[PDB]
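Everything on this sheet refers to the single structure shown next.
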Amino acid sequence: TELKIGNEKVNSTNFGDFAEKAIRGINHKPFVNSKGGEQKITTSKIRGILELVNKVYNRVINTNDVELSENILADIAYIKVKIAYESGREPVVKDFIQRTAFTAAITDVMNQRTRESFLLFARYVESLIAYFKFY
Amino acid sequence: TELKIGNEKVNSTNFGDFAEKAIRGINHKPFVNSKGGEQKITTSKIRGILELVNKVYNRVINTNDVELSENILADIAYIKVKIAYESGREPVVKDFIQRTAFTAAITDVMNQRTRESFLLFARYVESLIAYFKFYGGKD
Amino acid sequence: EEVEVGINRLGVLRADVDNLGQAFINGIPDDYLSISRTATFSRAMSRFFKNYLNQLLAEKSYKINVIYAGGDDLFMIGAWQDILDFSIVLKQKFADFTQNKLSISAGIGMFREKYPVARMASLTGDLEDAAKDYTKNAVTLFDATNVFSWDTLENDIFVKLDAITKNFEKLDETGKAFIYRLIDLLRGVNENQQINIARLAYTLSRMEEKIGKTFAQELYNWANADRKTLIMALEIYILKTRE
Amino acid sequence: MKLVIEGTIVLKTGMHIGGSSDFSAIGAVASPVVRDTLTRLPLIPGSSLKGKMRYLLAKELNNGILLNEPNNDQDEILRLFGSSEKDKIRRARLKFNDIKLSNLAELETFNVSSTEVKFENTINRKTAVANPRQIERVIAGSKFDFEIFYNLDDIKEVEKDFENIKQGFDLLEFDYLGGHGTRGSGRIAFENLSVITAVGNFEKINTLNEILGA
Amino acid sequence: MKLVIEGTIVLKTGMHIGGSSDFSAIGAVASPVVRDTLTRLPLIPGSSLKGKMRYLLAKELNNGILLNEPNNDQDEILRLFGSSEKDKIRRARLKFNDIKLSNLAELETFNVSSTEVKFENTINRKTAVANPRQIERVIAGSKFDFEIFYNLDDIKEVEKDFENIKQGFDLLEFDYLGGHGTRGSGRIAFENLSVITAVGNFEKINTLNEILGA
Amino acid sequence: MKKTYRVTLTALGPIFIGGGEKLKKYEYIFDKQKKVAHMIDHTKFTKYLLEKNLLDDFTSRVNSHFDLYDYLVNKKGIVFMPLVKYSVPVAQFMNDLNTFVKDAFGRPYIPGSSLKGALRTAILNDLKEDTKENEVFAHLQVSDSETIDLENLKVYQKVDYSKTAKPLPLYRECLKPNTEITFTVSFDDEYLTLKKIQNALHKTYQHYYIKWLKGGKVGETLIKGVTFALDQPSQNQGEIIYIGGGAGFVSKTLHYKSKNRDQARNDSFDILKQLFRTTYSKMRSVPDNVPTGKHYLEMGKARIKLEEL
RNA sequence: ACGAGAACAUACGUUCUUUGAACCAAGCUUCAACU
RNA sequence: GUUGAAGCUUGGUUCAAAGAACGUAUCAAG
């Protein structure tokens, strides 16, 4: 219930508000294009990010063990390499991964190795989808 | 037991008439779509919002303490982000939430963080269901 | 055991005449007095009570036993379905006997059949004494919480019982679990109000295709307007539709 | 001379029991399980268990049918559960007790609440249209630690009384306990049955404790 | 006595069933499978099994059609499943249980889960605008041990009662059980059906067992 | 009276049913240039990676995006391949694969809802008021398939022939043609028969031919793929079906009923126009070819075998 | 050497009976920025 | 000639209406 991501703590009370203020920061200084101009992350990229999390979430949710499976931590590493691929593909997903501390959260999920930490990470990510679709 | 949501303070004496007035303001001044026509919020999504509240309202009933546990507040913050997400996809439910303020009510629940405040919120939301079905709403 | 229609309960009645003590403090004044005239009033009242009540209970074949008779003492015991509707015609007969001058305070309660009659008489005399000071014309129905004036009783309840009986006997799949649920949400609105009125509006909406597109509107506006005279109306409908 | 029938009841399915039938939310779960209003533990009354024990024994101590009133049925059942005739009245040698949930902490180690809501519906044959009901029932695997008082007065029938209460328990093992049982709820199984004296040790508690702990 | 019907239910495909009582991700499966609330195993409720075999039996016992009410249908079907008609209440002779999953041991030998997720969508036939949804359902090859209690009270009708509970099982063999059955889910099968007296031994237990395992 | 049918789909052209899993270049695929594609494990691969310090190819994906398919594996000194679940061959003319729908045991099958939606496309072909509340399709009791072996899978790439066969970079693993997979459908004869589904399948294929493939063949079209046969009149009564493998816009929406140059006009402009594009008569096709010339099989197509019991 | 002394509102009793979380939904539509 | 070019997302429905269930019989009345 901690997720000390890079600088601070988001618990299971304000994960939505943290996603809200993160996205609120995004759509007030949107990423200036490398060719000059403005763009937003599109819905399909951010939806693929959510589906990429929720493939693992479906396997995690129905197992009561607070210890995450050793197979699951491998899939969390695969989340890391998939967002690395997409993030290296385009700059808009690069700083969307940078700004919302996605890699920091996923490393802290490796570090804690608890189900509830992953569940609150998935809580956070679906709140990112929620407040992105709200704007 | 106060919950000043957007314009008034709703205790356990003046919320059902407020929900009645808000819905009566909806079904006589309805939402005009961005396509040309008139759009009313469907029964299925407002009921989806209703049992979205209810699946933690069933846990708040069997508690004695007033300060709710972190499990309950986690589910409340989840309800808030789901209200935002379903609100984001279609604008009809978006200004249903913005017009009858769930979001201010639910964040006042997130501020007071007390059992009786969430019960008052739950009675407010179900009374919105009630007077939505009653005035104008097909049965 | 003759009344195999409603709830197997026995009702008793206590009553007296309103404002009778002031009627004898200053009976007839000086300027329009002969001696003989004020005696005719009291003998007319007494003979009205004894002879008229005996004849009235004879002509409509009531299952009512009688103990007292008088403007201060009246005690009858009988089936509740027969002394509840005897109270209104008692009110009418003493009203047009007095030519709408002297009225009735009455008290009616409902009792188990195997019950000590001394306890019944004390409890219903005290029940009437709750309705007596309310003097004013009034009858209380089985408890001190239900005290109604005579016009309120007659008009309000006996049309909001006649409407309930007229409508719910037309329906083969509403009576009477819906009436019990409607009673349960109606008797509990006294402490918390907008919750029960909202659930009431929702559940009147959801029966509006069965109980009627009109009938739910009168149930809603009656529950908003005069709901103490409908909770007793549904209660006595339930009691007279038992078994 | 005055004994305590201590054991437990485990839940293998379901078991919705009790319940104020006033009104839920629009909302939510209809017909909740009755709980202890103090501790918010769902409990079985003494009345539910005693009525189910007396119903099944009077099917077996007949043998078979039961189209009877609770009073004029038997001798070995009236001896145990009491009667209320005008002159053939027998004081109830049993005393049932309210039985609250005991292994709440063991459910908390599995991190689930002590009850669930079960979504059920009904399909009309005319229209294939649902009718959803939400029924709150306790979870399976909850243990109900219980104690039933047996106020001994006659010695020549203790063994018969305890062996027929044992067959009452193992007869209730093959039936539900309250609520929507034939729809698959309420199946119970009894464990660690034992009887222990009030003060001191009475006599022949070993024969009773072996006919009970069978 | 009392008859305990024991067999097992293998799944041939799918079996999405129920609906929780739990939060769903944005994400992922809404309408998940109905599970045990304690051990998180999937279960088919005995109510759902009862509803489908009751519907299929009441359908077949007329001619293959029905539009009546559950309390207004055949005498045999009320004799098995029970009624609540205001004059005659036939007490239900059958008694189902919730059937939680049994072969989690061998399904973990394959290192598969207990349930799958079904990605399945809707295509607008005017605009070809898709709409996806995710459905959780149980992995085919799962075996459920079920147990049915039957109140042995008559002798003349038990062979009649076990000829059409067998026929009810055989009718539900050719049909689905719960959820999206007309789209290819919930196909079941039955095997190792055995009847065993709970206490004692009914003498006509052999002719029931071959009318059961036929 | 609940007539049950052993409906078998002979694959008359490769068929995709999908399942919602996409794979990129690094994603699992060992597309060696021996005309083969191996998909590998998710858990054992990653487990072997972090047991030999996954940060190496975590960052050497960063060094080698885009092209890194096996050159990472075959030149990192561990060429080992038990990690494959199963192998399929490939049809080109390198990346972005989405796989077939599997069971839990990783053995593919055609789900029953796919055939039911295909039949629903091929039944309610009249004017689109037949909808969610259609009472006919409450009786089609279709089942999931027999679980077909992995051997019939081979990955085909997306190619479109609008004016020329243009190779799109999407790949999808499909059932190789003339693979037969059975079903179990049942329906009440009071609502639909063998004859109704038979004739409705026949005239859906008739309309799909005579209004899009006939017009798509009288427009600029050769016999260049020599093999993309027109092939109705021998099996025009043989009632060919299109199930959902990228078979086209027309194979899903119903409105080639009634006429051509109104409905083809409105969809092939307007419904495309809400997407991005501006083009005339006609709507433009979706084939898939295989090798020594090519063969150009039309995509997502099968033939029904309605046999009773 | 209290209108008093006694004197358990007690005994009997299943919140229970009947009810499928159902119904309708092809992971799919588009070919393209790209000598 | 070469190279992933990506965009669209449970929309859209429907809901405890359930039906029975507040209720006996023991001291009083005669």
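Identifiers for the structure tokens are assigned positionally: chains receive A, B, ... in sequence, residues are indexed from 1 per chain, and ligands are indexed from 1 in the order shown.
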Would you kindly return, as a count of residues only, each protein, DNA or RNA residue with an atom no farther than 7 Å from any atom of segment 247-252 of chain F, considering only C-alpha atoms (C1' of nucleotides) and excluding same-chain residues fewer than 4 positions away? 8
Expressed to one decimal, the C-alpha RMSD of chain D after its least-squares fit on chain E over all C-alpha atoms in order is 0.9 Å
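If we count only C-alpha atoms, these residues of chain D sit within 6 Å of chain E: residues 13, 125, 126, 182, 183 and 184 of chain D.
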If you keep N, CA, C and O atoms, can you produce a file of those selected residues as a PDB file, in the first residue's frame?
ATOM      1  N   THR D  13     -21.800 -25.526   2.526  1.00  0.00           N
ATOM      2  CA  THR D  13     -22.374 -24.656   1.509  1.00  0.00           C
ATOM      3  C   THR D  13     -23.052 -23.493   2.205  1.00  0.00           C
ATOM      4  O   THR D  13     -23.526 -23.646   3.330  1.00  0.00           O
ATOM      5  N   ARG D 125     -40.982 -18.374 -17.555  1.00  0.00           N
ATOM      6  CA  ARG D 125     -41.141 -19.277 -18.681  1.00  0.00           C
ATOM      7  C   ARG D 125     -41.812 -18.618 -19.874  1.00  0.00           C
ATOM      8  O   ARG D 125     -41.608 -19.076 -21.001  1.00  0.00           O
ATOM      9  N   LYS D 126     -42.613 -17.572 -19.654  1.00  0.00           N
ATOM     10  CA  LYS D 126     -43.274 -16.892 -20.761  1.00  0.00           C
ATOM     11  C   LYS D 126     -42.279 -16.137 -21.615  1.00  0.00           C
ATOM     12  O   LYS D 126     -42.339 -16.200 -22.845  1.00  0.00           O
ATOM     13  N   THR D 182     -32.819 -26.216  -0.535  1.00  0.00           N
ATOM     14  CA  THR D 182     -32.998 -27.047  -1.713  1.00  0.00           C
ATOM     15  C   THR D 182     -32.417 -26.411  -2.960  1.00  0.00           C
ATOM     16  O   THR D 182     -32.170 -27.115  -3.937  1.00  0.00           O
ATOM     17  N   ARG D 183     -32.154 -25.117  -2.934  1.00  0.00           N
ATOM     18  CA  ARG D 183     -31.383 -24.458  -3.962  1.00  0.00           C
ATOM     19  C   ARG D 183     -29.895 -24.543  -3.694  1.00  0.00           C
ATOM     20  O   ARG D 183     -29.120 -23.825  -4.323  1.00  0.00           O
ATOM     21  N   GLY D 184     -29.473 -25.382  -2.764  1.00  0.00           N
ATOM     22  CA  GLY D 184     -28.058 -25.572  -2.559  1.00  0.00           C
ATOM     23  C   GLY D 184     -27.436 -24.612  -1.576  1.00  0.00           C
ATOM     24  O   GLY D 184     -26.506 -23.884  -1.919  1.00  0.00           O
TER      25      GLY D 184
END
Residues near residue 219 of chain C, anyone? I mean within 10 Å using only C-alpha atoms (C1' of nucleotides), not counting same-chain ones fewer than 3 positions away, as a ChimeraX atom specification. /C:160,164,182,200-201,204,214-216,222-225,227,230
Would you please give, as an MDAnalysis selection string, all residues of chain B that DSSP assigns to strand (DSSP E or B) based on the backbone? chainID B and resid 4 9 31:32 38:39 67 114
What does the file look like for those residues with N, CA and C atoms, as a CSV table (one decimal), in the first residue's frame?
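That gives us out_28.csv:
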chain,number,residue,atom,x,y,z
B,4,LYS,N,-21.3,19.7,2.0
B,4,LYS,CA,-21.6,20.8,1.1
B,4,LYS,C,-21.0,20.5,-0.3
B,9,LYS,N,-25.7,22.3,1.3
B,9,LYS,CA,-25.2,21.4,2.3
B,9,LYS,C,-26.3,20.4,2.6
B,31,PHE,N,-30.3,17.0,-22.0
B,31,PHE,CA,-29.0,17.2,-22.6
B,31,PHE,C,-29.1,17.2,-24.1
B,32,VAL,N,-28.7,18.2,-24.8
B,32,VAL,CA,-28.6,18.3,-26.2
B,32,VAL,C,-27.3,17.7,-26.7
B,38,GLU,N,-31.8,15.2,-29.0
B,38,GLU,CA,-31.9,15.2,-27.5
B,38,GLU,C,-31.5,13.8,-27.0
B,39,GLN,N,-30.7,13.9,-25.9
B,39,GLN,CA,-30.2,12.6,-25.4
B,39,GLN,C,-30.5,12.5,-23.9
B,67,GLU,N,-15.0,5.8,11.5
B,67,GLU,CA,-13.9,6.0,10.6
B,67,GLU,C,-13.7,4.7,9.8
B,114,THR,N,-15.9,9.3,6.9
B,114,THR,CA,-16.7,8.8,8.0
B,114,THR,C,-17.8,7.9,7.5
Interface, chain F side, toward chain E (6 Å; only C-alpha atoms) as a list in words: residues 19, 112, 113, 141, 142, 143, 144 and 253 of chain F
Give me the residues near residue 207 of chain D as a VMD selection string, where near means some atom within 10 Å (using only C-alpha atoms (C1' of nucleotides)) and where sequence neighbours in that chain fewer than 5 positions away do not count. chain D and resid 158 to 159 162 to 163 212 to 213
Restricting it to C-alpha atoms, dump the selection as a PDB file, in the first residue's frame.
ATOM      1  CA  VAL D 158     -29.743 -40.539  29.695  1.00  0.00           C
ATOM      2  CA  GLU D 159     -28.205 -43.092  27.349  1.00  0.00           C
ATOM      3  CA  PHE D 162     -28.013 -38.959  24.083  1.00  0.00           C
ATOM      4  CA  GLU D 163     -28.023 -41.675  21.446  1.00  0.00           C
ATOM      5  CA  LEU D 212     -21.836 -38.656  21.163  1.00  0.00           C
ATOM      6  CA  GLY D 213     -18.313 -38.570  19.743  1.00  0.00           C
TER       7      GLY D 213
END
Could you list, as number ranges by chain, every residue within 9 Å of segment 17-19 of chain C, counting only C-alpha atoms (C1' of nucleotides) and ignoring same-chain residues fewer than 2 positions away? C: 15, 21-23, 70-72, 102-106, 132, 135-137
DSSP helix (DSSP H, G or I) residues within segment 64-302 of chain F, as a PyMOL selection string: chain F and resi 64+71-75+112-121+136-138+150-152+194-213+260-273
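Distance annotation: of E:11, E:61, E:30, E:5, the residue with the minimal separation from chain B is E:30; atom set is only C-alpha atoms.
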One decimal place gives the atom CA of residue 101 of chain E-atom CA of residue 42 of chain E separation as 5.9 Å
Counting only C-alpha atoms (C1' of nucleotides), chain H residues within 7 Å of chain D, as a PDB file with N, CA, C and O atoms (P, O5', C5', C4', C3', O3' and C1' of nucleotides), in the first residue's frame:
ATOM      1  P     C H  15     -35.670  -2.669 -16.764  1.00  0.00           P
ATOM      2  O5'   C H  15     -36.169  -3.748 -15.690  1.00  0.00           O
ATOM      3  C5'   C H  15     -36.638  -3.338 -14.397  1.00  0.00           C
ATOM      4  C4'   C H  15     -36.470  -4.413 -13.343  1.00  0.00           C
ATOM      5  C3'   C H  15     -35.332  -4.184 -12.346  1.00  0.00           C
ATOM      6  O3'   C H  15     -35.627  -4.872 -11.112  1.00  0.00           O
ATOM      7  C1'   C H  15     -34.857  -6.089 -13.646  1.00  0.00           C
ATOM      8  P     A H  16     -34.775  -4.598  -9.762  1.00  0.00           P
ATOM      9  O5'   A H  16     -35.775  -4.864  -8.546  1.00  0.00           O
ATOM     10  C5'   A H  16     -35.462  -5.797  -7.509  1.00  0.00           C
ATOM     11  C4'   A H  16     -36.540  -6.848  -7.425  1.00  0.00           C
ATOM     12  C3'   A H  16     -37.526  -6.813  -6.281  1.00  0.00           C
ATOM     13  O3'   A H  16     -38.372  -5.670  -6.294  1.00  0.00           O
ATOM     14  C1'   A H  16     -37.019  -9.043  -6.837  1.00  0.00           C
ATOM     15  P     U H  26     -57.100 -21.944  23.939  1.00  0.00           P
ATOM     16  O5'   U H  26     -56.127 -22.598  25.012  1.00  0.00           O
ATOM     17  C5'   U H  26     -55.937 -21.979  26.270  1.00  0.00           C
ATOM     18  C4'   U H  26     -54.888 -22.680  27.085  1.00  0.00           C
ATOM     19  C3'   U H  26     -54.675 -22.138  28.485  1.00  0.00           C
ATOM     20  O3'   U H  26     -55.670 -22.525  29.424  1.00  0.00           O
ATOM     21  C1'   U H  26     -52.586 -22.458  27.448  1.00  0.00           C
TER      22        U H  26
END
Closest atom pairs, chain D residues within 8 Å of chain C, only C-alpha atoms, as JSON lines:
{"residue": "D:22", "atom": "CA", "partner": "C:184", "partner_atom": "CA", "distance": 6.1}
{"residue": "D:23", "atom": "CA", "partner": "C:185", "partner_atom": "CA", "distance": 7.2}
{"residue": "D:25", "atom": "CA", "partner": "C:199", "partner_atom": "CA", "distance": 7.7}
{"residue": "D:26", "atom": "CA", "partner": "C:199", "partner_atom": "CA", "distance": 7.0}
Export N, CA, C and O atoms of the chosen residues as a short mmCIF file (atom, residue, chain, number, x, y, z; two decimals), in the first residue's frame?
data_model
loop_
_atom_site.label_atom_id
_atom_site.label_comp_id
_atom_site.auth_asym_id
_atom_site.auth_seq_id
_atom_site.Cartn_x
_atom_site.Cartn_y
_atom_site.Cartn_z
N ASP D 22 -37.85 -6.18 6.39
CA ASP D 22 -38.45 -4.86 6.23
C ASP D 22 -38.24 -4.23 4.85
O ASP D 22 -39.18 -4.26 4.04
N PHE D 23 -37.04 -3.73 4.54
CA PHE D 23 -36.70 -3.15 3.24
C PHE D 23 -35.22 -2.85 3.14
O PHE D 23 -34.65 -2.20 4.02
N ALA D 25 -31.93 -1.26 0.57
CA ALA D 25 -31.84 -0.16 -0.37
C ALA D 25 -32.51 -0.56 -1.68
O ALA D 25 -33.00 -1.69 -1.84
N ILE D 26 -32.56 0.37 -2.63
CA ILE D 26 -32.94 -0.02 -3.98
C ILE D 26 -31.83 -0.91 -4.51
O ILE D 26 -32.00 -2.13 -4.64
#
Residues at most 12 Å from residue 112 of chain A, counting only C-alpha atoms (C1' of nucleotides), excluding those fewer than 5 positions away in the same chain, as an MDAnalysis selection string? chainID A and resid 1:5 66:68 73 105:107 117:121
Go ahead and write the selection's residues with C-alpha atoms as a PDB file, in the first residue's frame.
ATOM      1  CA  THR A   1       0.000   0.000   0.000  1.00  0.00           C
ATOM      2  CA  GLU A   2       3.074   2.203  -0.303  1.00  0.00           C
ATOM      3  CA  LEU A   3       4.571   2.464  -3.857  1.00  0.00           C
ATOM      4  CA  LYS A   4       7.490   4.724  -3.075  1.00  0.00           C
ATOM      5  CA  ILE A   5       7.913   5.321  -6.777  1.00  0.00           C
ATOM      6  CA  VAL A  66       0.479 -12.148  -0.800  1.00  0.00           C
ATOM      7  CA  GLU A  67       3.711 -13.474  -2.245  1.00  0.00           C
ATOM      8  CA  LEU A  68       3.656 -12.919  -5.986  1.00  0.00           C
ATOM      9  CA  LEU A  73       7.538 -11.262 -11.612  1.00  0.00           C
ATOM     10  CA  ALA A 105       6.323   2.038 -10.093  1.00  0.00           C
ATOM     11  CA  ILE A 106       7.091  -1.163 -11.992  1.00  0.00           C
ATOM     12  CA  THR A 107      10.554  -1.357 -10.387  1.00  0.00           C
ATOM     13  CA  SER A 117       1.487  -3.613  -4.402  1.00  0.00           C
ATOM     14  CA  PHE A 118       0.708  -4.861  -7.904  1.00  0.00           C
ATOM     15  CA  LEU A 119      -3.010  -4.380  -7.326  1.00  0.00           C
ATOM     16  CA  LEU A 120      -2.481  -0.774  -6.313  1.00  0.00           C
ATOM     17  CA  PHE A 121      -0.234  -0.270  -9.343  1.00  0.00           C
TER      18      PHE A 121
END
